[PDB]
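Enquirer: Here is my input; please provide its structure:
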Amino acid sequence: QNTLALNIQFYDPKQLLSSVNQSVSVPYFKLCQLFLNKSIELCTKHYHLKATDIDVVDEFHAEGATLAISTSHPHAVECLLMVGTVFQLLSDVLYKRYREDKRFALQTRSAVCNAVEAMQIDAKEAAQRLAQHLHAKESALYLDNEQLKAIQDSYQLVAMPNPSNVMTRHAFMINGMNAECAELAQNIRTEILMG
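Expert: Numbering: from 1, shown residues only. You can find the structure just below:
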C-alpha cells in the first residue's frame with residue numbers, strides 16, 4: 001500500500017472518558033488536534049513536505065487520532081515519527097499544566113506502523129492495534145526492514161515488554177533518540193509553545 005500510519009490514544013486507566021462532560025472533552029480533543037496540526041506543519045516543513053502530504057484520517061476523539069502518509073514522499077518515515085515525538089512532548093506539557101489546574105486531561109501513547117504482512121492488516125489498523133497495548137507517554141513502531149535502517153540511527157529501539165499478542169511480538173518500543181533527533185524535536189516543541 002506504500003502507507004505509514006500514526007495512531008495516538010489516550011491512556012485512561014480510570015475510564016474517565018466514560019463519564020467526562022461533553023463541555024470539557026470537546027475543547028480538550030480540539031486542543032490536542034490543534035497541537036497535532038502544529039506538529040504536522042513544522043515537521044513537514046523541516047522535511048520539505050506540505051502539511052497536506054499527511055492525511056488526517058481521524059481527528060482527535062475519545063478513541064484517539066490517526067494520521068497517514070504515503071511512503072512515496074521522501075523522509076516519510078522520519079517525518080511521521082517526528083510528528084509523533086513532538087506531539088508526545090506537547091501532550092506531556094498540556095497534561096502537567098491541566099493537572100496542576102485541576103482540569104480534565106489524559107496522557108497519550110502513540111504508534112507508527114507500516115502494513116503487517118504476517119497479520120495481513122494495513123498500516124492504519126496496525127498502528128491502532130499497537131498503540132492500544134502501550135502505557136502512558138510510550139511510543140512504539142512496526143516498520144519493514146528497509147524503513148528500520150532509515151531510522152535505527154535516529155531512534156533507540158528495544159523489544160516490547162512481556163508481549164502478549166502478535167502485534168506486540170513484532171513491534172519495537174522507542175526507548176530514546178540520538179542527539180540530532182532530540183535537538184530537532186525540542187526546537188519544534190519550543191517554536192509551537194513560545195509564540
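Enquirer: neighbours around the closest residue to residue 142 other than its chain neighbours, how many?
Expert: Spatial nearest neighbour of residue 142, chain neighbours left out: residue 113 (4.2 Å); criterion: Cβ to Cβ, 6 or more residues apart in numbering. C-betas here are computed from N, CA, C, even on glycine. Counted by other Cβ atoms under 10 Å, the residues lying close to residue 113 total 30.
Enquirer: what sits against residue 113?
Expert: Residue 113 makes contact with 4-5, 7, 123, 126-127, 130, 141-143, 171, according to Cβ atoms under 8 Å, 6 or more residues apart in numbering.
Enquirer: Next one: it relative to residue 95, how far apart?
Expert: For residue 113, the distance to residue 95 equals 24 Å [Cβ to Cβ, to the nearest Å].
Enquirer: cool, residue 158 as well?
Expert: Counting by Cβ to Cβ - residue 158 and residue 95 are separated by 24 Å.
Enquirer: the more surrounded of those two?
Expert: Just comparing residue 158 and residue 95: by other Cβ under 10 Å the higher neighbour count belongs to residue 95, 19 against 11.
Enquirer: what about that one, helix or strand, and which?
Expert: Assigned by DSSP states H and E, residue 95 belongs to helix 76-100.
Enquirer: quick one: stretch 147-167 to chain centroid distance?
Expert: Mean-position distance between stretch 147-167 and its chain equals 14 Å (Cα atoms, centre = their mean, to the nearest Å).
Enquirer: Return the set of buried residues in it.
Expert: Residues 147-148, 151, 154-155, 157, 160, 167 are the ones in stretch 147-167 that count as buried (16 or more other Cβ atoms under 10 Å).
Enquirer: Next, residue 48: secondary structure please.
Expert: coil (DSSP: H, G, I helix; E, B strand; the rest coil).
Enquirer: quick one: it from residue 150, how far?
Expert: From residue 48 to residue 150 the distance is 16 Å (Cβ to Cβ).
Enquirer: now residue 188
Expert: 20 Å.
Enquirer: just to revisit the earlier point, mind picking the two most distant members of the buried residues of stretch 147-167?
Expert: 154 and 167 (22.9 Å; Cβ to Cβ).
Enquirer: Need the phi and psi values for residue 66.
Expert: When read as degrees, to the nearest 10, the backbone of residue 66 gives phi -140, psi 130.
Enquirer: If anything else comes up later, I'll come back, but that's it for now.
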